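>>> Below is the sequence, then the experimental coordinates.
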Amino acid sequence: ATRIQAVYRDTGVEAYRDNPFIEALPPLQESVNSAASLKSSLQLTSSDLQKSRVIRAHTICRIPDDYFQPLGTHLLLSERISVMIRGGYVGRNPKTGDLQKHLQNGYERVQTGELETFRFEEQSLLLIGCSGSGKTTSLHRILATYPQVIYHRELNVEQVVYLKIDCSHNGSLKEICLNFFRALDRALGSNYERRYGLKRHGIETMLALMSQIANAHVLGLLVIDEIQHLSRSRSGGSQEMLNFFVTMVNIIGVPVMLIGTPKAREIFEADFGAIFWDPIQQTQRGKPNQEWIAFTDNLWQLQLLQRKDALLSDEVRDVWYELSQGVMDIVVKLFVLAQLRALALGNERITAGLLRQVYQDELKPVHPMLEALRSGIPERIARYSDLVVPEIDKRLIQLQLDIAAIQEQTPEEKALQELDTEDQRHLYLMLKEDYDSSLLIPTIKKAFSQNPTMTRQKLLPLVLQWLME
Amino acid sequence: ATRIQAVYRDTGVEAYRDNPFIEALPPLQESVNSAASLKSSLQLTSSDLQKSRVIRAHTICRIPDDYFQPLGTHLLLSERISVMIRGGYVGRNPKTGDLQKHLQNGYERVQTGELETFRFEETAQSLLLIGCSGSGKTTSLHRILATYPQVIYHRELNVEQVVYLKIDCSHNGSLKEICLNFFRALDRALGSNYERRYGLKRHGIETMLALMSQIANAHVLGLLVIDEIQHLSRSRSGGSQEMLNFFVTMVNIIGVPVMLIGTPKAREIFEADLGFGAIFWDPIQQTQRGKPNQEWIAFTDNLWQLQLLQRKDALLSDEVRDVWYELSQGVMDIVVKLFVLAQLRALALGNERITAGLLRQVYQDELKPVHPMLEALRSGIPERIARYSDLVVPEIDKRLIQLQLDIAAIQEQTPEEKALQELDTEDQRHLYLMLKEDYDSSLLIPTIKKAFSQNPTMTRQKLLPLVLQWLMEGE
Ligand SMILES: Nc1ncnc2c1ncn2[C@@H]1O[C@H](COP(=O)(O)OP(=O)(O)O)[C@@H](O)[C@H]1O
Ligand SMILES: Nc1ncnc2c1ncn2[C@@H]1O[C@H](COP(=O)(O)OP(=O)(O)O)[C@@H](O)[C@H]1O
Ligand SMILES: [Mg+2]
Ligand SMILES: [Mg+2]
């Protein structure tokens, strides 16, 4: 529940003029800018690199859910969503009564001579993409750029800017209306589910109710996600589903975004605008794509491996693309799983062979999708579009448990055990592969103990001098 | 559809008097003033200059479609369109019925001595707007036609007056399609379905021209506009002569005014006969009779103020304006495109001023496909210009999207990413990654770069202290 008190902003567009709903909205520039700037990452100090394997594995398993890097498509989707929300409200001006009547009035005023100039001046969407591409998370982050509920004191309008409905696994069209009321309740503090969402009602009545409630709480955008989950058998076949969605758009009267997979596009082939959420491309315009390189370089810094390689090889990045094929779940999944297996086996360095072992063993269920993308054949890609890696969370727990069962110790882990203060161990890990640990650690401890006041930044050159003299 | 119930007006002309189709039309001064006076554009404040490059670039890419400066050829075309539409209705007055019978009756009156003065005579004007692609013909046509209501309903006569109909030819065009698309366009303006009923692939062009005539006179059509004549395939339509016949026949079978918009290469179809009237949408000329053209000066100065750059050149220089004309050669698409693309290049490069070198750089990198035509315009050779008159820069909107995406990437680059790209060697990046936590980026990257620039072949191990020494205190 996100409520805010409305502040009306002077726009530069005549259609938006004196429209409280658009004026209360954040500026289009902000929503476009915030799409580029609003990223989430992890707080990794060098101390976290020194910690135990269980602790570091727990931290690694959080990259899947606490790391977000914006890309080019995110800005495009943000502008599209903002244009939808503002455009959906251009017709709904409470004071601008009639659109056609103003045309006649202006034509009359021109014919009389009151006006010396006048201009006779004179929608849903479908986000289709493979699973793991990043549709749902991108939607969540883009919607965080807006206030979900904006209250206007000048009236009693409780504006609900955005509402997202996810679809149940093996779901039905019946459940979408009920979940609409549920989501509005959870995002507004109301209890429409108890009253309107009752089994006695039919879909038609619930559709009208959805329309009325969305017009009372003027709905900028309605998001229905994971429509791939909707069961064709229960929903009544591809056409029926299609018909429902079409009708649902006209009744509610708000812009509607449907998010699904290329297989769910088979439902809509009898007809909505379609924007595609394609996987990351390594070669763009006959040239290496810098977005892929930037994303992999940023993700590389979330690497809690002691014998790690700080610089990303072209080899490792390109095998990463080969296995992942640009779908962003399998990118992050491959990174995390490779780090876990490295923790398990020692050899805490990511190689192409380690990535290949992870791909061969832990990512078998999504292979038919990936190879389909490798083939470029649209039918195969559509067929395997819904494929995901089941029970990945339990598997991450299992691999972390395997790490915990390890009674062995790496040489670097031993050396960190011998040294005591974090700064000492930081100096070690910084220089541990350019010098032999056996002669490295004693000099570090001697220098640190003999200069308690001296800063670690000042102590590093001293240890360097002693090492080379 | 823009459907309006007629409100009649008193025009001062006797010939226009009590003619519903002209009286319901908006006044001539309004139509001429409306296109000229309306110069609506983006309003930019000093605050907007001091803003993020993403949002500034967003505003910059909106200049192409939100900037319109009315110019002389536009105003002449507006007046001519108004005169054409109004003039074409004088012989179509509903009151002046049984025109030939009146003639007979008038004759009879004269032949009885009742009438001492009568005149026997038997006004579908035609226009050919010839200009290079990118001059601004379509935008001017759209803005002129937006000052008019497309459909006016006459309650007394039960007649749906279609003021204007615009047909856009396809990239490989047949004179068939034009005919068909007529109906399609009408079916969009009215509620009709003439395409489903009358106009089908089965019927021939000659039959469909007669159907066009019948339906255009039922819904009295002030103006038929066929735009992008250049796109028509001369091998698919049967040759220049046949094509010409079509238009001539169309102007004579249909009693409505017709406007054809095309390139200098499409004039070759009509060059056999100077009929058709010709308006030439020449590019903006730098000099007028040996002295500067204030049209060029005004257009460039007005567009120059729509500049979201911090260290902007306070006012447009003669050097920069002369380079701007040299590259663009007066074609308004290239002017605005060069301006916008150069602003996006300045934002991407981090600079906040427009240089002549920047304009030349964008011209050479981005506007390659149109280079022949522009060069031809420098030569002044008519045939050479006509050959390349149809040239259009392709996919510039996707390139604007790519440019502002690249601008977005540099803005949101992490300080680590900026440093790793500024370091030229793997060793330097390894050193930066080692020392990033306890040392500041201001000295760290330059110190490493100069340390490797003065000891070119030297190991990382030996060069770590030298970088450290200069950071603590060193040469
Ligand atoms: N911008 C991003 N940066 C980093 N990781 C991402 C990003 N977008 C998505 N991911 C990863 O992809 C995973 C799956 O994304 P999800 O929203 O489920 O896509 P879809 O809905 O298409 O299956 C997320 O758990 C997240 O870890
Ligand atoms: N009067 C004008 N002021 C500003 N820009 C213009 C003007 N006329 C045309 N343009 C620019 O030229 C571009 C294309 O013009 P267009 O109408 O297609 O010319 P043509 O029909 O000759 O190709 C448009 O994107 C528009 O931005
Ligand atoms: Mg999904
Ligand atoms: Mg054109």
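Good, I have the coordinates. Numbering: from 1, shown residues only, chains lettered A, B, ... in the order given. Ligands and ions are numbered 1, 2, ... in the order given.
>>> Excluding chain neighbours, give the residue nearest to whichever residue of the stretch 251-400 of chain A sits closest to ligand 2 in space.
When scored by Cβ to the nearest ligand atom, the stretch 251-400 of chain A has residue A:273 as its residue closest to ligand 2, at 22.9 Å. Heads up, the C-betas are built off the backbone N, CA and C, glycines and all. Nearest-residue entry for residue A:273: residue A:125, 4.7 Å, with adjacent residues in sequence omitted and distances by Cβ to Cβ, 6 or more residues apart in numbering or on different chains.
>>> who's the one you found bridged to?
Residue A:125 has these beta-bridge partners by DSSP bridges: residue A:257, residue A:273.
>>> any idea how far it lies from residue A:56?
Note on residue A:125: its distance to residue A:56, by Cβ to Cβ, to the nearest Å, is 42 Å.
>>> Just list the residues touching the residue of the stretch 251-400 of chain A closest to ligand 2, thanks.
Each residue near residue A:273 by Cβ atoms under 8 Å, 6 or more residues apart in numbering or on different chains is listed here: A:123, A:124, A:125, A:126.
>>> just checking, the second one touches residue A:255?
Yes: taking contacts as Cβ atoms under 8 Å, residue A:124 lies within contact range of residue A:255: 6.6 Å.
>>> quick one: which of these two has more around it?
A side-by-side neighbour count of residue A:124 and residue A:255, using other Cβ atoms under 10 Å in any protein chain shown, places residue A:255 first with 22 against 17.
>>> so the more buried one makes contact with residue A:224?
No: counting by Cβ under 8 Å, residue A:255 stays clear of residue A:224, with 11.9 Å between them.
>>> Give me every residue in chain A lying close to ligand 3.
A:135, A:136 (Cβ under 5 Å from the ion).
>>> So for chain A, which residue is the most central one in space?
Closest residue to the average C-alpha location of chain A: residue A:137 at 2.5 Å, with Cα atoms, centre = their mean.
>>> Secondary structure element holding that one?
helix A:135-143 (DSSP states H and E).
>>> Check residue A:75 too.
helix A:72-90.
>>> Tell me the helix or strand right after that helix.
With secondary structure assigned by DSSP H and E, helix A:72-90 is succeeded by helix A:99-112.
>>> outside of that next one, which residues touch it?
A:91, A:96, A:115-116, A:118, A:120, B:2-5, B:7-9, B:24, B:26-27, B:30, B:149.
>>> and if you look at stretch A:233-240?
Contacts of stretch A:233-240 (Cβ under 8 Å, 6+ apart): A:170, A:171, A:172, A:173, A:232, A:241, A:244, A:266, A:267, A:270.
>>> Tell me the one of those residues nearest ligand 1?
residue A:171 (15.3 Å).
>>> Helix or strand: which one has the residue of chain A found nearest chain B?
Of the residues in chain A, the one nearest chain B is residue A:29, at a distance of 3.8 Å by Cβ to the nearest Cβ. If you go by DSSP H and E, residue A:29 is part of helix A:28-37.
>>> what angle sits between that helix and helix A:135-143?
130 degrees (axes from the mean of the first three to the mean of the last three Cα atoms, to 10 degrees).
>>> All the strands of the stretch 301-450 of chain A, in order from the start?
Read by DSSP state E, counting those that start in this stretch, the stretch 301-450 of chain A holds no strands at all.
>>> picking up where we left off before, who wins on neighbours among the contacts of stretch A:233-240?
residue A:267 (23 neighbours).
>>> re earlier: was I right about the residue nearest to the centre of chain A contacting residue A:68?
Yes: the pair residue A:137 / residue A:68 is scored as a contact, 6.6 Å apart, by Cβ under 8 Å.
>>> How about the contacts made by the spatially closest residue to residue A:28 that is not a sequence neighbour?
Once flanking residues are discounted, residue A:28 sits nearest to residue A:82: 5.1 Å by Cβ to Cβ, 6+ apart. Residues counted as contacts of residue A:82 (Cβ under 8 Å, 6+ apart) are A:25, A:28, A:31, A:32.
>>> Take those and, keeping just the buried ones, write it as a ChimeraX select command.
A single ChimeraX command is used to select the members of the contacts of residue A:82 judged buried by 16 or more other Cβ atoms under 10 Å in any protein chain shown:
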select /A:25,28,31,32
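>>> what's the closest of the contacts of residue A:82 to ligand 2?
The closest of the contacts of residue A:82, once distances to ligand 2 are taken by Cβ to the nearest ligand atom, is residue A:28, at 20.6 Å.
>>> So that closest one is in contact with residue A:86, correct?
Yes: applying Cβ under 8 Å, one finds residue A:28 in contact with residue A:86, separated by 6.9 Å.
>>> Strands of the stretch 151-300 of chain A, start to end?
Going by DSSP E, counting those that start in this stretch, the stretch 151-300 of chain A shows strands at A:158-160, A:162-166, A:221-225, A:256-260, A:273-276.
>>> any idea which of the ones you listed is most buried?
strand A:256-260 (a mean of 24; mean count of other Cβ atoms under 10 Å in any protein chain shown).
>>> Could I have the CA atoms of that one written out in PDB?
Coordinates of each C-alpha in strand A:256-260 appear next as PDB, following Å, rounded to 0.1, in the frame of the first residue of the first chain:
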ATOM      1  CA  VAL A 256      -4.100  -2.900 -20.300                       C
ATOM      2  CA  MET A 257      -0.700  -4.700 -20.600                       C
ATOM      3  CA  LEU A 258      -0.700  -8.500 -21.000                       C
ATOM      4  CA  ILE A 259       2.700 -10.200 -20.300                       C
ATOM      5  CA  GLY A 260       3.300 -13.700 -21.700                       C
END
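>>> what's next to it, contact-wise?
A:81, A:84, A:124-128, A:135-136, A:139, A:221-228, A:245, A:248-249, A:267, A:272.
>>> anything in it near ligand 1?
No: on the criterion Cβ under 6 Å from any ligand atom, strand A:256-260 is out of touch with ligand 1, staying 7.2 Å away.
>>> Specify the angle between that strand and strand A:221-225 in degrees.
20 degrees.
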